[PDB]
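See structure below.
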Amino acid sequence: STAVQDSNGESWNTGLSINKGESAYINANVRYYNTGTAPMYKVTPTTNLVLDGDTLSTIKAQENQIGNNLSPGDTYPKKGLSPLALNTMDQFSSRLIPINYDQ
Amino acid sequence: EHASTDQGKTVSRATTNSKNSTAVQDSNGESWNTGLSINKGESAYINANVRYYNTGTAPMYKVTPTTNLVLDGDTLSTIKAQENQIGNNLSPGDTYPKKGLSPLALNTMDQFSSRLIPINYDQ
Amino acid sequence: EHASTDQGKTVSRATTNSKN
Amino acid sequence: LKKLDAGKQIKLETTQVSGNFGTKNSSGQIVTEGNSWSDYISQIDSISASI
Amino acid sequence: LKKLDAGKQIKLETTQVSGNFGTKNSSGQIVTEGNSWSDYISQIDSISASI
């Protein structure tokens, strides 16, 4: 008894992998203003991101968000432009703010 | 951790010819896979919400504390506020986050604020 | 170490016709 | 990326600029170091009008 | 990469150059530090003609 068996097969696979510790990144669009009496040179703020009652993280503007000049009654991104981005976390501007799956 | 979800759809068609006797077989197949991967040295990360206060007689500039995180009798780690947790000014009788704001976060561990505090599976 | 746990569920159907 | 490929355009704005200027020390050399124009931007903009 | 392998030629163009020059201090020692030609390039090109 002889037999010849031919076979054709197609396969489609989809896969989603996710880490639940660095489940997402965030960036902010913010803008500095001044209301005192004197101009401020090389402005750099330390700010807190807080979600509900838990402070998400503390960020200090390292090098790409330092306002060179702030005159009284004027914003750093002078009116007409767009706000500035705040994403990096570490000192040498190479990191992004992580948030886990629950947050 | 690392959670992976996989879906698979397979379609097969085969033809057998023996001697006579012919046969055609069609096949459909569905697969669902879940996968949880974990380490054992960096099994979790921690971040603290803390607040500095002053009770002396003089103000303190550029405040930076070295603090110990201890679990039961084992000092988990020692952390020094590197650059994002340095209190510029501390007047007597006043906290560093002025009353009304939220506490500050202590997560980074290395000098250039790029690391997270790891804890293993037993801890 | 590195510990992985995998679970899998497969459902298959097939139809054969020979000659009937 | 999908918004970029759909047809939306992306723009660049010059938020600020920094750079030094050149002065003279006791000798004839021109020195440009620690002479940031940012030290005078605010005052010049405050006490003058633009044409 | 496909454009490179197709036959297109890639060119390199010098944009700028930075370098020091040598002066003499009180001693006979030649000093080349913080003496960037960039301090004089603009003025020399401004007040002179090239041949």
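Residues in the structure tokens are named by chain (A, B, ... in the order shown) and by number from 1 within that chain; ligands are numbered from 1 in the order shown.
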| Using only C-alpha atoms, which residues sit within 6 Å of range 10-17 of chain B once same-chain residues fewer than 6 positions away are excluded, as a ChimeraX atom specification? | /A:3-11 /B:23-29
| task | Calculate the C-alpha RMSD, in Å to one decimal, after superposing chain D onto chain E by least squares over all C-alpha atoms paired in sequence order. | result | 0.1 Å
| request: Tell me which protein, DNA and RNA residues are within 7 Å of range 3-18 of chain D, counting only C-alpha atoms, leaving out same-chain ones fewer than 6 positions away, and put them as a PyMOL selection string. | output: (chain A and resi 77) or (chain D and resi 36-38)
Written file, previous selection with N, CA and C atoms, as a PDB file, in the first residue's frame:
```pdb
ATOM      1  N   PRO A  77       8.094  81.329  28.210  1.00  0.00           N
ATOM      2  CA  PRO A  77       7.691  81.197  26.806  1.00  0.00           C
ATOM      3  C   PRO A  77       6.813  82.370  26.416  1.00  0.00           C
TER       4      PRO A  77
ATOM      5  N   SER D  36      27.775  86.317  28.812  1.00  0.00           N
ATOM      6  CA  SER D  36      26.534  85.891  28.178  1.00  0.00           C
ATOM      7  C   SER D  36      25.605  87.069  27.911  1.00  0.00           C
ATOM      8  N   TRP D  37      25.128  87.159  26.664  1.00  0.00           N
ATOM      9  CA  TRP D  37      24.151  88.174  26.290  1.00  0.00           C
ATOM     10  C   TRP D  37      22.896  88.103  27.145  1.00  0.00           C
ATOM     11  N   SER D  38      22.601  86.937  27.722  1.00  0.00           N
ATOM     12  CA  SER D  38      21.435  86.794  28.585  1.00  0.00           C
ATOM     13  C   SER D  38      21.481  87.738  29.777  1.00  0.00           C
TER      14      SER D  38
END
```
| request: Please identify which residues in chain E DSSP calls helix (DSSP H, G or I) from the backbone, and express them as a ChimeraX atom specification. | output: /E:2-6,38-47
Could those selected residues go to a file with N, CA, C and O atoms, as a PDB file, in the first residue's frame?
```
ATOM      1  N   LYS E   2      19.104  51.942   1.351  1.00  0.00           N
ATOM      2  CA  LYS E   2      18.725  51.569  -0.007  1.00  0.00           C
ATOM      3  C   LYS E   2      19.183  52.618  -1.011  1.00  0.00           C
ATOM      4  O   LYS E   2      19.645  52.278  -2.106  1.00  0.00           O
ATOM      5  N   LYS E   3      19.055  53.899  -0.659  1.00  0.00           N
ATOM      6  CA  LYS E   3      19.551  54.952  -1.541  1.00  0.00           C
ATOM      7  C   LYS E   3      21.065  54.870  -1.699  1.00  0.00           C
ATOM      8  O   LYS E   3      21.595  55.104  -2.791  1.00  0.00           O
ATOM      9  N   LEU E   4      21.777  54.545  -0.617  1.00  0.00           N
ATOM     10  CA  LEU E   4      23.225  54.379  -0.693  1.00  0.00           C
ATOM     11  C   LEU E   4      23.602  53.230  -1.619  1.00  0.00           C
ATOM     12  O   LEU E   4      24.502  53.359  -2.456  1.00  0.00           O
ATOM     13  N   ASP E   5      22.919  52.092  -1.480  1.00  0.00           N
ATOM     14  CA  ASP E   5      23.248  50.923  -2.285  1.00  0.00           C
ATOM     15  C   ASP E   5      22.770  51.050  -3.725  1.00  0.00           C
ATOM     16  O   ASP E   5      23.283  50.342  -4.599  1.00  0.00           O
ATOM     17  N   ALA E   6      21.804  51.931  -3.994  1.00  0.00           N
ATOM     18  CA  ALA E   6      21.307  52.090  -5.356  1.00  0.00           C
ATOM     19  C   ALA E   6      22.346  52.728  -6.269  1.00  0.00           C
ATOM     20  O   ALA E   6      22.408  52.398  -7.458  1.00  0.00           O
ATOM     21  N   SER E  38      38.135  81.504  16.776  1.00  0.00           N
ATOM     22  CA  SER E  38      36.750  81.925  16.625  1.00  0.00           C
ATOM     23  C   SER E  38      36.516  83.329  17.161  1.00  0.00           C
ATOM     24  O   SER E  38      35.528  83.966  16.782  1.00  0.00           O
ATOM     25  N   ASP E  39      37.393  83.825  18.037  1.00  0.00           N
ATOM     26  CA  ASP E  39      37.224  85.185  18.534  1.00  0.00           C
ATOM     27  C   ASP E  39      37.528  86.225  17.461  1.00  0.00           C
ATOM     28  O   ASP E  39      37.008  87.344  17.527  1.00  0.00           O
ATOM     29  N   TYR E  40      38.353  85.882  16.469  1.00  0.00           N
ATOM     30  CA  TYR E  40      38.793  86.851  15.474  1.00  0.00           C
ATOM     31  C   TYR E  40      38.256  86.587  14.076  1.00  0.00           C
ATOM     32  O   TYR E  40      38.431  87.439  13.196  1.00  0.00           O
ATOM     33  N   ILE E  41      37.615  85.440  13.848  1.00  0.00           N
ATOM     34  CA  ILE E  41      37.209  85.060  12.497  1.00  0.00           C
ATOM     35  C   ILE E  41      36.221  86.074  11.933  1.00  0.00           C
ATOM     36  O   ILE E  41      36.363  86.539  10.794  1.00  0.00           O
ATOM     37  N   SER E  42      35.212  86.441  12.727  1.00  0.00           N
ATOM     38  CA  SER E  42      34.169  87.335  12.235  1.00  0.00           C
ATOM     39  C   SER E  42      34.737  88.702  11.886  1.00  0.00           C
ATOM     40  O   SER E  42      34.452  89.250  10.816  1.00  0.00           O
ATOM     41  N   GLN E  43      35.557  89.266  12.773  1.00  0.00           N
ATOM     42  CA  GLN E  43      36.125  90.586  12.522  1.00  0.00           C
ATOM     43  C   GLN E  43      37.065  90.568  11.321  1.00  0.00           C
ATOM     44  O   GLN E  43      37.032  91.485  10.487  1.00  0.00           O
ATOM     45  N   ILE E  44      37.898  89.530  11.207  1.00  0.00           N
ATOM     46  CA  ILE E  44      38.836  89.461  10.090  1.00  0.00           C
ATOM     47  C   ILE E  44      38.089  89.347   8.768  1.00  0.00           C
ATOM     48  O   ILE E  44      38.433  90.016   7.788  1.00  0.00           O
ATOM     49  N   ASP E  45      37.048  88.509   8.717  1.00  0.00           N
ATOM     50  CA  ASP E  45      36.255  88.428   7.494  1.00  0.00           C
ATOM     51  C   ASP E  45      35.472  89.711   7.241  1.00  0.00           C
ATOM     52  O   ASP E  45      35.164  90.027   6.087  1.00  0.00           O
ATOM     53  N   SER E  46      35.141  90.456   8.297  1.00  0.00           N
ATOM     54  CA  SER E  46      34.347  91.667   8.123  1.00  0.00           C
ATOM     55  C   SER E  46      35.170  92.806   7.535  1.00  0.00           C
ATOM     56  O   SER E  46      34.697  93.521   6.645  1.00  0.00           O
ATOM     57  N   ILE E  47      36.398  92.999   8.016  1.00  0.00           N
ATOM     58  CA  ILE E  47      37.170  94.190   7.669  1.00  0.00           C
ATOM     59  C   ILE E  47      38.213  93.923   6.584  1.00  0.00           C
ATOM     60  O   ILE E  47      39.007  94.815   6.266  1.00  0.00           O
TER      61      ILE E  47
END
```
| task | Name the residues in contact with range 55-58 of chain B at a cut-off of 8 Å, using only C-alpha atoms, excluding same-chain residues fewer than 5 positions from it; report them as a PyMOL selection string. | result | chain B and resi 91-94
| Spatial neighbours of range 1-13 of chain C, 12 Å, only C-alpha atoms, chain gap at least 6 places, as a VMD selection string | chain B and resid 1 to 12 25 to 43 120 to 121
| request: Can you list, as JSON, numbers by chain, all residues belonging to chain E that DSSP tags as strand (DSSP E)? | output: {"E": [23, 24, 30, 31]}
Output for the residues just chosen: C-alpha atoms as a PDB file, in the first residue's frame:
```pdb
ATOM      1  CA  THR E  23      51.179  83.559  22.325  1.00  0.00           C
ATOM      2  CA  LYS E  24      54.042  84.309  24.716  1.00  0.00           C
ATOM      3  CA  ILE E  30      54.480  79.411  24.152  1.00  0.00           C
ATOM      4  CA  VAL E  31      50.920  79.238  25.500  1.00  0.00           C
TER       5      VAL E  31
END
```
| query | By how many Å are CA of residue 35 in chain D and CA of residue 29 in chain E apart? | reply | 28.0 Å
| request: Mind checking which residues fall within 8 Å of range 43-50 of chain A, counting only C-alpha atoms, ignoring those fewer than 6 positions away in the same chain, and posting them as a PyMOL selection string? | output: (chain A and resi 56-62+65-70) or (chain B and resi 84+102+104)
For the residues in the current selection, export C-alpha atoms as an mmCIF file, in the first residue's frame.
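Done, and the output landed in selection27.cif:
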```
data_model
loop_
_atom_site.group_PDB
_atom_site.id
_atom_site.type_symbol
_atom_site.label_atom_id
_atom_site.label_comp_id
_atom_site.auth_asym_id
_atom_site.auth_seq_id
_atom_site.Cartn_x
_atom_site.Cartn_y
_atom_site.Cartn_z
ATOM 1 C CA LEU A 56 4.187 60.977 41.589
ATOM 2 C CA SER A 57 7.693 62.438 41.359
ATOM 3 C CA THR A 58 9.863 65.495 41.966
ATOM 4 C CA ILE A 59 11.559 66.979 38.897
ATOM 5 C CA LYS A 60 14.135 69.761 38.598
ATOM 6 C CA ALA A 61 14.568 71.426 35.200
ATOM 7 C CA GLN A 62 18.033 70.184 34.266
ATOM 8 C CA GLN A 65 13.840 73.735 30.619
ATOM 9 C CA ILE A 66 15.976 76.452 32.249
ATOM 10 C CA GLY A 67 14.531 79.911 31.685
ATOM 11 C CA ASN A 68 17.391 82.273 30.889
ATOM 12 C CA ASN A 69 15.403 85.444 31.589
ATOM 13 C CA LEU A 70 12.147 86.233 33.388
ATOM 14 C CA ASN B 84 15.829 66.453 43.074
ATOM 15 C CA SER B 102 2.471 67.642 49.124
ATOM 16 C CA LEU B 104 8.426 64.911 48.231
#
```
| task | Determine the nearest neighbour of chain A from the options B:118, B:60, B:110, B:105, counting only C-alpha atoms. | result |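 Looking only at the distances to chain A, the closest residue turns out to be B:105.
Atom to atom, CA of residue 19 in chain E and CA of residue 21 in chain D stand 18.1 Å apart.
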